[PDB]
Every structure is written in structure tokens, then in C-alpha cells.
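Summary of the model geometry
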Amino acid sequence: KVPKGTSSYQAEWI
Amino acid sequence: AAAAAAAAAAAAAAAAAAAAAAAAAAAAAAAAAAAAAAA
Amino acid sequence: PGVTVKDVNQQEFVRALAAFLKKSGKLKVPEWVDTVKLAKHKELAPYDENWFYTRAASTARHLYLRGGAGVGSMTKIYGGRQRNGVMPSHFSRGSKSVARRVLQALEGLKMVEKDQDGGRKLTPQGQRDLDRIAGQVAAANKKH
Amino acid sequence: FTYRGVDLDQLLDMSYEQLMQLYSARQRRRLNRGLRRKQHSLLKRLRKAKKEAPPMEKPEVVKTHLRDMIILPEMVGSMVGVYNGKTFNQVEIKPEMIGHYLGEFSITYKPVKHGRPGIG
Amino acid sequence: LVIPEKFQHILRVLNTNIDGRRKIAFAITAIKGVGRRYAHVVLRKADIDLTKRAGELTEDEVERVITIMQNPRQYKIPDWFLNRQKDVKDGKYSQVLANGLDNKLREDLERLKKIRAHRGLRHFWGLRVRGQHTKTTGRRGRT
Amino acid sequence: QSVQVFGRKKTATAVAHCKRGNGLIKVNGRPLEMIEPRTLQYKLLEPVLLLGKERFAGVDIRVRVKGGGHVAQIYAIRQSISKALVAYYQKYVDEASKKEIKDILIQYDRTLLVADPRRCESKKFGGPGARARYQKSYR
Amino acid sequence: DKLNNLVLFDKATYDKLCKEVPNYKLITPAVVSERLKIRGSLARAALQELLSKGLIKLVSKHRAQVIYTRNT
Amino acid sequence: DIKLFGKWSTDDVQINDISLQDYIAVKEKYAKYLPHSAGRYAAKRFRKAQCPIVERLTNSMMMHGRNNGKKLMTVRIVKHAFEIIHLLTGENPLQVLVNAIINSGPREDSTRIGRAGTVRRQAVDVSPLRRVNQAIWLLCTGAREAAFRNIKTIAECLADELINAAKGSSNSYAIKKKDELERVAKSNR
RNA sequence: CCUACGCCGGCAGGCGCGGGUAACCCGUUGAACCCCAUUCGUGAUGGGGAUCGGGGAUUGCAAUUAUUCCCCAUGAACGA
């Protein structure tokens, strides 16, 4: 459920 | 008067403890001089 | 032999001066009497339901012990030991507004007088009253 | 959605002076201090980029450095790239973040996920 | 003292077993959401002497304590003894107790997870939040 | 008609002003029971209980206390009262009874009339204070 | 384990506190507290009541150490 | 005249052991009103043999870490302990103190003699001053470790341990360790 | 910039008003423990306050990764 905006960086914080 | 005398005595004692009186006086004089210079 | 307030046990004098201010009954009492500590450097509430009265008594007596002490000096007398958590304790001062308005409330009873000298001292009414109650507790001392 | 008993239409129709009681200690502190010209210009670029978008469409993302920007509720609905040293992280400003900073939304380092000790 | 004959050996105030024999000014602290200072400033307006215990009370005292305790503004517990000052929803100066306490902690954590903020992912991961120096700590409870 | 002496521990100074009086002992306007480290009252009562109050018959004794801590001030007041009575009987009464009361005080305790030879000393560089120094590590 | 001493009086507790106490050679709130499962607050208030009973001498009285003594 | 704490008598006090008779100074001109002397006694060697006994029980009682300047708590603990012994016995409690110090110090002691690795001890005689100091340290230690977690005030604990060792109980930690060193004395020889 | 004094702040702080370019004015540098009374009463408890959730006020261009201080609530480990 990764946002369409943000990068992989904050997604690795998810 | 008596009270005053007592106070004086106490002061003297304190001075002695610190020490000496002469030295203190000298210091005071120096301070005064410094102040004057500043002025 | 005009008796001296300084020639009495001071904390029995504080308890009797608290009872004397209780029997008086006339004073402008504030509204944060049931809320606050003395300052930041304590933890819990005071147990006394009349803590304002006995603090006013002790504050009048500390005014008796020296004239020339303002609210900041009254803040500074009632200091103590703040425990800073696991960081070590320090000296922390009293509360400004509370001691200021204690001096203001006793100023209402003409027992605290503002001077030319900036601070507040005891009235001649105040020293008359303290020497009367001093004779009361002095008879409570040398005759009990 | 409601914030502090005030609604989104109620906030967005509220003046700039009356915001300054509805915030946190630091936020009312900074709004007392008054915003800078750089952040004024960034909000102006946000006005231009939120206006010219098609009405079905979300506005074009504006990227920025200024991590110490208060998220004003007027910014809600935009998409902002926030710079955390390397990478503009693109956050859709939802109305739940009107009392925070941008700088917490682009998390600056990578989480430590340990290995094993060699020669210690 | 005396031997108070209505002595409930178990108290049940707001979903909490209270050891009723404990001191009244220290048995209210036992529930979540009420500490030591707060129950005292309750009791100074709840008009009960501190000399008594917690099992020596009347239920009329109990119902006026819970009345003041859920109505903290109307009985002069003003807006700094409160557990929550300005909520996210209503901003209402209001005390929050045990079940609602865990509920609103959970609410704020779910919010900051939904916000995708720097705090929320820490709180989902269960780590330190206030920027601590963990170059020697992080020992007990990590695996 | 008056004698003016003192007593000195570490920082505590006790100024004594005595003369022909009534048996009056003021310590800045308070008795010798009104000093809150009160168990040491007995040490504070050692000039009276050793010598008898009949020897403190007609003497005004004013005490004004400076500096120090409470225990140091108590031993300073004890010091100053004993030296004040001894100096009074030396200057105004015989040598013999002064010598006798000196022998009563010293053979009980010399610290009553003589000073203490030591103080919280100054510091030579290299540690917290004078004697103990800082700590290090190996390996 | 639990030293949850009795916070208030009882029947037999007072039947020993009014009775057994003036026969101890030493009446201490810790001792009276310790022998009969009583908190030092409860025994402390009870020993001030035994001042008000007049049975028992009061020898020492301090902050936290108040010594009572059985009579004769 | 001179009485301890305003009331307590010293002329009734009698020493039993001649071997310890001078190294406790209580009887005639070492009786003072308080244990708080505040003079030097560790000036040079054996000058803490002519300091008063109750001063030694005082100054060896601030031993632990958090109490390490608070002598006034110690002198009120001494006062309450003497009053408790005077209740539970009736006699002059200084006699109980002297009989407790005499009955508690060791008589033979073990000392490691050899090299660092030859633990082949040799039970030797106890010096009288070290017998005094070992007795005072055992009495203070029994007052400490039996008053760590209790309802009893440490004055009560000191007083009861001083009573139990003055009569030579199997209850005193001091008498237990005296018997232990005396039994180790049987073993090394 | 060290502050006294007064006023307004339940607490951090504001506002007015001097001295002090300095043994002077802060300064008598009015401290802490200590003490005397109160409460607690040997258990994770009111010890320990960490770990956090709400706020509030200063420092500053800038406090979000908590600057610092304050006010509730949270109360883990720790039994020498």
C-alpha cells in the first residue's frame, strides 16, 4: 500500500 | 551604642577570618583607582 | 523587659501565629488556595487545608527578621531542592505570584508596609501585634 | 474531518489572524514570529500550481527544500516533494497534518537493520 | 482510629479493582489516568478528609467523587490538571481515564500511522521517539 | 568595664562582648536553647554545666555570630563563651580563679579554649581537591 | 511475601491492643505494628490514642521515633 | 557533675577484662555529655584509644554510603538505643555496652602467611586495640544487616543486638562471627 | 547583561522602573543537605522515575529526530 507519490526511501521506512 | 560596638567587633572578626585588614584596604584603594581610570 | 519574638521557639510561634490569623478571620483570601504547591521544586500538594494562613504568618515573621527584602527575596527565602529527574538536584526558587499576593493580602490588614526603600517591611502595628503574641507564647513557654 | 472543534470549510474560510490561537506552542510561536519571504514565495508557487490544474486532476507536485515549513491548512490537497538530503519524497498533503512540519514526512536516514559483528 | 463497619474490602471504580484498604489519596492513583497530584486536587474539592482511608467512605462520597471526576471544569479542576488539553477532534479541555486513555493513545498512534509521519513509524516499530543516544542502550526488550 | 574577645573554627566567627551585667547571655538576641541543632545544646551548655551558673552571676554576655555552618557555629559559641568568661576574670578579677577555671576547662577538653589547627585547605592543580586526583583507564 | 498488614482495627486486634500492650517492657510503634500485623500508621495513631487513654507513659517523642513505656 | 545525655551515670561502670581495661575510656575523665566531640583522634597512633567509647559507636555508625556525614541521626539513634536498653533491662546501659564489647571481640585470629598462592594460615593472638575495633565493627554490622528491610528503627536494632551480645546469645551476629573466627582459630592453629 | 524593586501571570515567563563598565550594584553573595514537627509502614508501595501522550512559555533567521523550561497523565527495570 505504498503511496503513488513518494519514493522508495520512505517506503523502506514503511 | 553597645549593639553598634558588637557589630563592629563581629565585622573585625570576619575580616580577620578572611585574612588582612591592611590588604583589604589596599585592594579597595586599587579598585577605586581602577574606577577613576574608567571614568 | 519587653519580650522579643526572637527569644521564643520559632515554630511554636509560627503555629500560634497561624492560629491567631485563623481567629482573626478578616483578610482578602485568594482562590488558588486549594490548587497550587509552593513552587516548582516540590512534587505533591500540601496537606494543610490552612497552608495559606501559616505561610502568611511565617512570611510576616520573616519580614520581622529583616527589613529591606522584596518579593524576589521572599521568593529566594522559600527555595529548595529541585530533583531534576535522573539529572542531579539543584536549588530552585519560590513562586513569584503566590508570595507577592500573600504580601498583598497581609498588606490589606495594614500589617505590611511599602517603603521608600523599594522593599516591604512590617508595620508598627505589625511589631506591636508580634510582640503581643510573642508575650502570649512567652507566657506559654516560661510559665508552662 | 474536524480539528479542535473547527471544520475544514470553517478553517479554510478563517482569517490568518484567527489561526494563531488554534495551533501548538511552537506553531503559534512561529506564527507570532511571522513567516519569511522564501516561504511566502513557496506558498505563491503552490497557489499557481494548485490553481492551473484540471478540475478532475490533483495539482502538479512542487518540490522544495524547506523542511521547516508549517503545514498550513491552505496547502491541503497538494502534492509536495520534500528534500531530505538526497531524494524529494512526494507527499500528498492530507488534512490530518495541519499541525505539523513538512520535515517529518521525508524521513531523513534509512533505518538501521543490523548485521553481525566481525572483529569487534 | 475506629472500626468502620461499612468497609468494602474491594472497590470497583471505572473498571478497576481498587485495594480499598489503601489510603484514599493514594488508591485513586492506582487507576490509569489519575496520578497523585490530580486525586489530591480532586479531594480538596471532593470535600473528603485525607485522614480517612478508601474503604471508610460513603457511596455518596463515591458518587460525588466520580461526579467531579467526570465533570472537571464544573467543579474547579481547571485546565492544567487535565490529562488532555486540546484534542485533535474537539480541542476540549477534558480529563481522559483508563479505557478512554488507552483508546486515545491508540487513536493518536493510528492517526500518526495514517499520517505517515516520522513519529508514526517509530510507534509502529516500537522504538525510542524523543531522539535518544542509543550508543550504549537498547538492551532489555530488544530481539 | 568590658572585655571583647572571639572564637574561631573553620569559617564560624563568634564575637563575644562581656561586661559587668546580670547573667545575661544573648546570641544575637536569642538564648542558648533556641539553636536548632539542639542535641549539641549540651555542648552548648558545657560552659554552664561544668562551671555552675553561680560563677556566671553578674556578667552581660553578648554573642554575635558570623559565617560557618551550624555545628561550626555551635563550637564557635562554646569557644567564645569559655574564652569570654576566662578573659573577664583575668582582666577584672584575680589570676588564681582564672587559672583554676582554665584548668577546669582544659583538663576536660582543650578544644574549649584553644583553636582548631586545620581548615578546608586550598587546591594544588590536578584533581577535585587537594589530595584525591582524577581517574583514568587501561586496555 | 506480602506484608499487607491490617489497615484498620478488628475485634481481636483491639482485644490485644487495649490489653497486651501495657505488659511489654518496651512499647514501640514498630514493635506493636510488628507483633500483630498492623501498619505503622495504624499503630502510630493507636499509640497516640494510648496517650489519650492515659495508661502508658510517653518517654521519647521525635519525628519518626516516639517511645512509649508500660506503667509501673 | 557530668552525666551522659543529661541523665546517664558513669561511675557505676566497671571493666571486667584487664586486657581491655585501658583501651576503653569511659570511667572517670572520659565521660562527656554527648558522643559528638568533633576533635581529632586519628592524629597519630593510639590516639583513638583515648577517645570515648560512645563516640566510637557513633563514628562507626555513619559507615554506610548514604549516611556518611549525618552524625546527628547517629547520635539520636544512640540516644533512642540507650533508652530502649534502659527499658528492657533497667540497669545503666553503658554497663551493657561495655559487657557487649568485651564479650564480642575475637581472641585468636587467622592470618595468611606464606606466599601469594600458599593459603596456609596460622591462627595468632588478637591485639587488644584491634579486639576493641573488631568488636565495635561487629556490633555496628549486626545493627546494619538486621535493619535493612524491617519495621524496626535502627536504634531498636542496635539496642537489641547490643543486649543480645551483652549476654552472649546465639542470636547476635557479632557473637556468631566471634564464634566463627574462634572456630577458624581451632582449625588453622 | 549581572540584577534589585514593583505590577500582571495556577508554572515556566512578560511589563514598568534604578544601580552596576564593577571588594561598591546584584552582595549581608539570605544555599543545599542538616534540623523540628506531619504523613507514609517494608510491597514494586507514595522508593526509582525512565519510557510516552496532550498542552503551555521562552531562546533564536530556523526546535520537526522531542533545543531548553514548565503543567497533567504513563509508571518499566532495579530486592545491593
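Residues numbered from 1 in each chain as written, not as in the entry; some residues may be left out. Chains lettered and ligands numbered in written order. Part of a larger assembly, values for the part shown. Heavy atoms only, no water. Residues with missing side-chain atoms left out of burial classes, pairs and counts.

Regarding how it was determined, this PDB entry cites cryo-EM in its header, along with a resolution of 4.0 Å.

1. Topic: the overall build of chain C
When its secondary structure is counted, chain C shows five helices and four strands. Reading the helices (α) and strands (β) of chain C from amino to carboxyl end gives α-α-α-β-β-α-β-β-α. Against the compact-globule benchmark of 15 Å for 144 residues, chain C has a radius of gyration of 16 Å, which places it among compact chains. The C-alpha extent of chain C, read off along each of the three principal axes, is 55 × 40 × 25 Å. (Helix = DSSP H or I, 4+ residues; strand = E, 2+ residues; numbered from the N terminus. Rg over C-alpha atoms; globule rule 2.2 N^0.38 Å.)

2. With respect to the overall build of chain E
Along the backbone of chain E there are five helices and two strands. From first element to last, N terminus to C terminus, chain E shows the α and β order β-β-α-α-α-α-α. For 143 residues, the compact-globule estimate of 2.2 N^0.38 gives 15 Å, and the C-alpha radius of gyration of chain E, at 19 Å, exceeds that figure by more than 25%. In terms of overall dimensions, chain E has a C-alpha envelope of 55 × 35 × 25 Å along the principal axes. Counting contacts in chain E only where the partners sit at least 6 residues apart, residues at least 24 apart contribute 39% of the total. (Contact = heavy atoms within 4.5 Å.)

3. Examining the domain arrangement of chain E
Residue and element names in this part refer to chain E. The domains assigned to chain E are domain 1 (1-78) and domain 2 (79-143). Between the C-alpha centres of domain 1 and domain 2 the distance comes to 28 Å. Between domain 1 and domain 2, the contact holds four residues from the first and seven residues from the second. Across the side of domain 1 that touches domain 2, the residue classes tally to two nonpolar, one polar and one charged. (Domains from an automatic or database assignment. Nonpolar A, V, L, I, M, F, W, Y, C, P; charged D, E, K, R; others polar.)

4. Some details on the sheet that holds strand β4 (residues 79-83) of chain D
Pairing between the strands of a sheet is mediated by backbone hydrogen bonds and can be parallel or antiparallel. Residues and elements named next belong to chain D. Taken in spatial order, the three strands make up an open sheet running β3-β4-β5, and their pairing is mixed. Edge positions in the sheet fall to β3 (62-64) and β5 (88-92), since each of these pairs with one other strand and no more. Mean inter-strand twist for the sheet, computed between neighbouring axes without regard to direction, equals 25°. With five bridges connecting them, β4 and β5 associate as antiparallel partners. Among the inter-strand pairings, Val82 is bridged to a residue of β5, identified as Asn89. (Pairing = 2+ DSSP bridges. Axes fitted to C-alpha atoms, helices over the stretch in contact; angles between N-to-C directions.)

5. So, the sheet that holds strand β1 (residues 2-8) of chain F
Residue and element names in this part refer to chain F. The strand order across the open sheet formed by four strands is β1-β2-β4-β3, and the pairing between neighbours is mixed. Each of the sheet's edge strands pairs with one partner strand only, and the pair in question is β1 and β3 (25-27). Ignoring strand direction, the axes of neighbouring strands in this sheet form an average angle of 15°. Two elements, strand β2 (residues 13-20) and strand β4 (residues 59-66), share eight bridges in a ladder whose sense is antiparallel. Pairing of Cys18 across the sheet is with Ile61, part of β4. Here helix α3 (residues 70-92) sits on the sheet and contacts β1 and β2; the angle it forms with β2, its principal contact strand, is near 30°.

6. As for unusual backbone geometry
Not every positive phi belongs to a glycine, and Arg4 of chain D is a case in point at roughly 55°. Here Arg4 of chain D is to be found in the loop between β1 (2-3) and β2 (6-7). At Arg139 of chain F, a residue that is not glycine, the phi angle is positive and equals roughly 55°. In this structure, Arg139 of chain F sits in the segment after α4 (96-108).

7. Observations regarding the interface of chain E and chain D
Across the contact, eight residues belong to chain E and six residues belong to chain D. In terms of residue class, the side of chain E that touches chain D is built from two nonpolar, two polar and four charged.

8. Overview of the pairing of β4 of chain D
Residue and element names in this part refer to chain D. Examined bridge by bridge, β3 and β4 share three bridges and lie parallel to one another. Looking across to β4, one finds that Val62 is bridged to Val80. Between β4 and β5, which follow one another and run antiparallel, lie four residues, and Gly85 among them has a positive phi close to 105°.

9. Some points on the pairing of β1 of chain F
All names here are of chain F. Direction of pairing for β1 relative to β2: antiparallel, over a ladder of seven bridges. Counted as the bridge partner of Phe6 is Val15 from β2. Connecting β1 to the next strand, β2, in antiparallel fashion are four residues.

10. Some remarks on the packing of helix α3 (residues 93-102) of chain H against helix α5 (residues 154-166) of chain H
Residue and element names in this part refer to chain H. Across the interface, α3 lies against α5 with an axial gap of 8 Å and an inter-helix angle of 65°. The crossing of α3 and α5 is left-handed. Across the interface between the two elements, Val96, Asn99 and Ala100 from α3 touch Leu162, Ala165 and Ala166 from α5. For the contact of α3 with α5, a count of residues per class yields five nonpolar, one polar and no charged. (Left-handed = near helix turned anticlockwise from the far one by under 90°.)

11. Some remarks on the arrangement of the chains
For this structure, the chain pair with the highest number of contacts among nine pairs of chains in contact is chains D and E. Chain A shows no contact with chain F. Their nearest C-alpha atoms sit 40 Å apart. Spatially, chain E and chain H are disjoint, and the shortest separation between their C-alpha atoms is 18 Å.

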